[PDB]
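In: Begin with these chain(s), straight out of the complex:
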Amino acid sequence: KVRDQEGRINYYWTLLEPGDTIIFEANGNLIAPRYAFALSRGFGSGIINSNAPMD
């Protein structure tokens, strides 16, 4: 029981290319997308794990 639950939701993601179609078929057990995100790649960066004020 993680977080007072025993069933699990497995999460998946994909990157639709410009001018491409995604098809969802399901007869059960689908947590459907509602909000997607439009992205443009930037300079290679990372994530900083820190406890410091932002200025």
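Out: Perfect, I can see it now. Numbers count the residues shown, from 1 in each chain, chains lettered A, B, ... in the order given.

In: C-alpha from now on. contacts and neighbour counts both.
Out: Fine.

In: Who are the contact partners of the residue nearest in space to the middle of chain A?
Out: When C-alpha atoms, centre = their mean is applied to chain A, the residue found nearest the centroid is residue A:13 (5.2 Å). Residue A:13 makes contact with no residue, according to C-alpha atoms under 8 Å, 6 or more residues apart in numbering.

In: Quick check: phi and psi on it?
Out: Dihedral pair for residue A:13: phi -140, psi 160, per degrees, to the nearest 10.

In: quick one: it from residue A:46, how far?
Out: 19 Å (C-alpha to C-alpha, to the nearest Å).

In: From residue A:52, how far out is the residue nearest to the centre of chain A?
Out: Distance of residue A:13 to residue A:52, given as C-alpha to C-alpha: 31 Å.

In: and what of residue A:43?
Out: According to C-alpha to C-alpha, residue A:43 and residue A:52 sit 24 Å apart.

In: Check residue A:44 too.
Out: For residue A:44, the distance to residue A:52 equals 23 Å [C-alpha to C-alpha].

In: got it, and residue A:29?
Out: With distances taken as C-alpha to C-alpha, residue A:29 is found 41 Å from residue A:52.

In: Residue A:27 now?
Out: Distance from residue A:27 to residue A:52, by C-alpha to C-alpha: 48 Å.

In: same thing with residue A:46?
Out: For residue A:46 relative to residue A:52 (C-alpha to C-alpha), the value is 17 Å.

In: same question, residue A:38
Out: For residue A:38, the distance to residue A:52 - C-alpha to C-alpha - is 30 Å.

In: ditto for residue A:45
Out: Distance from residue A:45 to residue A:52, by C-alpha to C-alpha: 19 Å.

In: Also put chain B in, sequence below:
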Amino acid sequence: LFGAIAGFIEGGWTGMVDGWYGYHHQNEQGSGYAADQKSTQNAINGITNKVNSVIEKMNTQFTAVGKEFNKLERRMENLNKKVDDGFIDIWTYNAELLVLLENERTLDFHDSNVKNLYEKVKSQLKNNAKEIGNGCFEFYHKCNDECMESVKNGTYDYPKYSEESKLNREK
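Out: Chain B goes in next, on the same frame as the chains above:
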């Protein structure tokens, strides 16, 4: 090494505050401390360009070192660790050795500048003055502030005092 600094010239002067290399004269009017502006300026230009060459030769592009991997990718984590540690080791060795060798280049440069100044003054004075060690000259003739300044800027006029110096020397 050239033998001037910590050599035939023993120690430095806390009195001289306007430059690295210079003169200390003693006449009837008084004593003093004057820096040789030409040699000091050349040394300043050289050292400034050395420091700038060391600093501005390091150019990088926007990079992020950190990466995260899951448990089933340990050859990844180890390869990333290897590249990081290798770059750190190479840069540490290079920086340490570069500073170590450039310190000897700078100190040798200062020693050479002092020796060159001594040799210039010696060739200017010729036999009009006597060397008494410690980088110090004793005049066979009588010099005022004009003579001292003349020795300092590089226009000594040896023939002007040659006869009097000959009379005082051969006695």
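
In: sorry, back to before: separation between the residue nearest to the centre of chain A and chain B?
Out: Residue A:13 is 17 Å from chain B, where distance means C-alpha to the nearest C-alpha, to the nearest Å.

In: same thing with residue A:34?
Out: Using C-alpha to the nearest C-alpha, we find residue A:34 at a distance of 28 Å from chain B.

In: and that residue, how many neighbours?
Out: When neighbours are counted by other C-alpha atoms under 10 Å in any protein chain shown, residue A:34 registers 5.

In: residues near the residue in chain A positioned nearest to chain B, how many?
Out: When distances are taken as C-alpha to the nearest C-alpha, chain A reaches nearest to chain B at residue A:45, 5.1 Å away. For residue A:45, the count of nearby residues is 12 (other C-alpha under 10 Å).

In: Surely it and residue B:61 touch.
Out: No: Residue A:45 is beyond contact range of residue B:61, at 11.7 Å (criterion: C-alpha atoms under 8 Å).

In: what are the phi and psi angles of residue B:42?
Out: Per-residue torsions, residue B:42: phi -60, psi -40 (degrees, to the nearest 10).

In: Oops, could you answer that again for residue A:8 instead?
Out: According to degrees, to the nearest 10, residue A:8 has phi -130, psi 140.

In: so how many other residues sit close to it?
Out: Residues contacting residue A:8 under the criterion other C-alpha under 10 Å number 8.

In: repeat for the one 4 residues further on
Out: Residue A:12 is surrounded by 5 other residues when neighbours are defined as other C-alpha under 10 Å.

In: Could I get the contacting residues of it?
Out: By C-alpha atoms under 8 Å, 6 or more residues apart in numbering or on different chains, no residues touch residue A:12.
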